[PDB]
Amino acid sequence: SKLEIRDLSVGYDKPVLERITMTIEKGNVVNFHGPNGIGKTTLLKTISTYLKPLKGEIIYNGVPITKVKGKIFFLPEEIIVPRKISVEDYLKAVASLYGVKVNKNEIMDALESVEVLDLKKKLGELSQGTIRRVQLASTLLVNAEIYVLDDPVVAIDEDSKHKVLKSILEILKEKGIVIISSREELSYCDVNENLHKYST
């Protein structure tokens, strides 16, 4: 599976990033990096179909990306979850959006990958880092072919960030294309793209 990005400019009214041409392959994680404000979110929201490209095209296995929305999982940089739902019910619900039925054991395997133990606790009782860990576990349960994660380990303790991200990426890169954003290059990502190269 290949995602082809050709001559891409992204933005709302005016372009913030331009001339992006790359081939993204299943199994090779792409990290788009730079300081907050450079256009990471805008780029990732365009790849995810939420935003229309200003120029260029994004084609997945020969088909326009907008025709394969059901195959895309996008995790935004914000942490917004239903506060009265349990961890396990949230995971079941996210999977159900993709028509996937998960049992409590598949749920626990995903939570184990991010070192979260209590399935029963309501999300509103958890810390932001813990909630982000649960969101990352949810990515492991869907049948998506394209994973686009904006600031995936936001809010997670600095000394735990890399352990968690590596754990997630190791699973997701076997399932599909993975694109993430961050503030720095990552040794464990196959492709690092500094967005300064494309900045207007």
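In this text, residue numbers run from 1 along the sequence as written.
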So 72 to 80 or 97 to 105, which one's hotter by mean CA B-factor in the entry?
97 to 105
129 to 137 set against 39 to 47, stretch whose average Cα temperature factor tops the other in the entry:
39 to 47
Please work out which residue in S187, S181, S9, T21 has the highest C-alpha B-factor recorded for this crystal structure.
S187
Ranked C-alpha temperature factor of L165 among modelled chain residues, by third:
lowest
How does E174 rank on Cα B-factor within its chain, lowest, middle or highest third?
highest
Ranked C-alpha temperature factor of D159 among modelled chain residues, by third
highest
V142's Cα B-factor: lowest, middle or highest third of the chain?
highest
Classify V63 as lowest, middle or highest third according to the C-alpha B-factor given in the PDB entry, relative to its own chain.
highest
